[PDB]
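Take these chains first, placed just as they are in the complex:
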Amino acid sequence: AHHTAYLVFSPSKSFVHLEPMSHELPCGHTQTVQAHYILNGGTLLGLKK
């Protein structure tokens, strides 16, 4: 097994992964697609959503 991977830069220190459906992909369908999010302090000041 051989593979390499790397990491983001984030001085906010927050980031997203996306978890693929990494294989064969049909046509004329959909796919539901998921991701994993973090937000250090979220809207630090910002607004709500």
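All right, it came through fine. Numbering: from 1, shown residues only, chains lettered A, B, ... in the order given.

got the contact list for the spatially most central residue of chain A?
Relative to the mean C-alpha position of chain A, the nearest C-alpha, by C-alpha atoms, centre = their mean, is the one of residue A:17, at 2.5 Å. Residues counted as contacts of residue A:17 (C-beta atoms under 8 Å, 6 or more residues apart in numbering) are A:35-36. The way it works is simple: take the backbone N, C-alpha and C, and place the C-beta from them, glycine included.

gap between it and residue A:33?
12 Å (C-beta to C-beta, to the nearest Å).

can you map out the strands along chain A?
A:16-19, A:34-37 (DSSP state E).

Indicate which one of those strands is closest to residue A:5.
Comparing those by their distance to residue A:5 (C-beta to C-beta), the top pick is strand A:16-19, with 11.4 Å.

partners of residue A:19 in the sheet?
residue A:34 (DSSP bridges).

okay, chain B goes in next:
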Amino acid sequence: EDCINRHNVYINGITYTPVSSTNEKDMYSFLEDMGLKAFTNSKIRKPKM
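Chain B, in position alongside the others:
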């Protein structure tokens, strides 16, 4: 014996700064330039690596 070398200095932030020594004055050095020596276990000599 107390070496402290990290695999890399670990700048969580801008970019990983590497390993190198310093050069400054010391209590050990004060008391050797004094001309002499002592015994303790305090943090006298710098945490050299």
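
how close does the residue lying closest to residue B:26 once chain neighbours are set aside get to residue B:11?
In this structure, residue B:26 finds its nearest non-sequential neighbour in residue B:46, 5.4 Å apart by C-beta to C-beta, 6 or more residues apart in numbering or on different chains. Noted for residue B:46: a distance of 21 Å to residue B:11, by C-beta to C-beta.

Kindly check the end-to-end length of stretch A:13-30 for me.
33 Å (C-alpha to C-alpha, to the nearest Å).

and what of stretch B:16-29?
Length of stretch B:16-29, first residue to last, C-alpha to C-alpha: 31 Å.

Contacts for it, please.
Residues outside stretch B:16-29 that contact it (C-beta atoms under 8 Å, 6 or more residues apart in numbering or on different chains) are B:5-6, B:8-11, B:44-46, B:48-49.

Looking at neighbours, which among these is most surrounded?
Per-residue neighbour counts (other C-beta atoms under 10 Å in any protein chain shown) across the contacts of stretch B:16-29 peak at residue B:46, which has 15 neighbours.
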